[PDB]
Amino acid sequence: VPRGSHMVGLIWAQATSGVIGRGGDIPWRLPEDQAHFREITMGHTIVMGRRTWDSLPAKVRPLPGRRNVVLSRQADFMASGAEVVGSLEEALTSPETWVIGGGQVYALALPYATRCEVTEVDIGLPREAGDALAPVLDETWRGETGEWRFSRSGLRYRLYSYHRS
């Protein structure tokens, strides 16, 4: 793989229904997925919507070892340790960028993405008003589906690694 390409990837964890967010939070806890997320994104640029930035406790922000970028329409938004952009036009300039949520920003970034790393959580959360949702992937995406695994908590999950040209 010759150097010099600008890879844009999407990474998310979803319930079976496609629910990714509820009440300004992720409605489950899966440490194994946090470790997975960290592993994929480490050393790269991460892009997130303002609501996702807000969803992170101040104590953990900006996420370590990564260039944190926050998308907002508020020119005066204060995001300590991160940069704020007002469109994705200049958010995808890095050699490798991972869009890390939330629902709105996934929809905005998907047309530029060539990788998707999805954690599917076997939890039956029906979609509710106000939920953040995963994007729907079309038939252009291909890749490897992982085997089901139990987390330490008993929650069942599996990993999808998708890509396309």
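What we label the rigid core is the largest C-alpha set whose atoms superpose within 1.5 Å from one form to the other. Numbers follow the displayed sequence, beginning with 1.
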field: Greatest C-alpha divergence in 9 other deposited structures of this protein once each structure is fitted on the rigid core, 136-144 or 51-59
entry: 136-144
message: Can you check whether 7-15 or 21-29 lies farther from the displayed model in 9 other deposited structures of this protein, averaging C-alpha distances as RMS after superposing on the core?
response: 21-29
- prompt: Comparing 20-28 with 138-146, where is the mean C-alpha B-factor higher?
  reply: 138-146
- request: Averaging only over Cα atoms, indicate whether 128-136 or 102-110 has the higher B-factor in the PDB entry.
  value: 128-136
query: Taking the entry's C-alpha B-factors for this chain, is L88 in the lowest, middle or highest third?
result: highest
task: Could you look up the Cα B-factor of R61 in the entry and say which third of the chain it sits in: lowest, middle or highest?
output: highest
- prompt: Would the CA B-factor of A82 place it in the lowest, middle or highest third of its chain?
  reply: middle
task: Just say lowest, middle or highest third for the CA B-factor of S153 relative to the other modelled residues in its chain.
output: highest
